[PDB]
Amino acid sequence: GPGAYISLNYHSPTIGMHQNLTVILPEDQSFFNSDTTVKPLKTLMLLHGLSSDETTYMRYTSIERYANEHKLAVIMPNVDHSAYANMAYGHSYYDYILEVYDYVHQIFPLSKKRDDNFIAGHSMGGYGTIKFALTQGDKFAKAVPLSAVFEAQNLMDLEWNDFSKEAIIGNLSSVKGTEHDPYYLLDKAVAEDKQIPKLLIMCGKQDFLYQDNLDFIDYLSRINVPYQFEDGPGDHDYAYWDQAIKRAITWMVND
């Protein structure tokens, strides 16, 4: 039924500034009883897309209703225009996510088991999710990119309002074959026999990264990595991602 909506602001030693962070914490009966041990909750790291921040998932979906139904803690950080990268000219936003994961597991009643921790996100956050799935596999059991960018050149060459490509990648004019390419990180993951989280890849059929998503899931089957692809009517809007994260949260908590 109920839960806590928590808004944090702390000085980050990683990115060197105060930063906002919002956390959904569903209510457990352990939390109100002083004589019982706390039961740790499953936790979702939820990554916003470009132009969004730590507030927009709460504002534009009804995710806390979905999270309280399945008693899932949700962590929503803010990474600005970074594409979740340790930026060449800017903040160390790849490392910031591992700091956010470490902090809220130390301070909130969250379970540190691999089988209890998930990660998801949309657009840039979906591209962020597939980066951490392929590079931080022992931290997360399942990963759900929604309408992700899988060929990062489409995100880097995107002409978005005040978006700075050179701030992330520096003087490089291609991201193919580097730590920004999910195809390279996928190749390195199968090469080193690294744990890949359980993949649920969601994208609306009328999205523009739909064909971007079709290329990625086909590449996954050619290298024998299991996934689950759910399509259907949808565009690149919070109307899709509201319904998508509702089915996504139900998918991750039941196994």
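Rigid core: the largest C-alpha set superposing within 1.5 Å between the two forms. A residue's number is simply how far along the shown sequence it sits, counting from 1.
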{"item": "Greatest C-alpha divergence in 4 other deposited structures of this protein once each structure is fitted on the rigid core, 84 to 92 or 137 to 145", "value": "84 to 92"}
{"item": "Stretch with larger C-alpha RMS deviation in 4 other deposited structures of this protein, core superposed, 182 to 190 versus 31 to 39", "value": "31 to 39"}
{"item": "211 to 219 versus 42 to 50 - greater average Cα B-factor per the deposited record", "value": "211 to 219"}
{"item": "Of 70 to 78 and 170 to 178, the stretch whose C-alpha atoms average the higher B-factor in the entry", "value": "170 to 178"}
{"item": "Relative C-alpha B-factor of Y57, binned into the chain's lowest, middle or highest third", "value": "lowest"}
{"item": "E192 CA temperature factor, ranked by third within the chain", "value": "highest"}
{"item": "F150 by Cα B-factor - lowest, middle or highest third of the modelled chain", "value": "highest"}
{"item": "Where the record places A85 (Cα B-factor, split into thirds across the chain)", "value": "lowest"}
{"item": "Third of chain Cα B-factors occupied by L186", "value": "middle"}
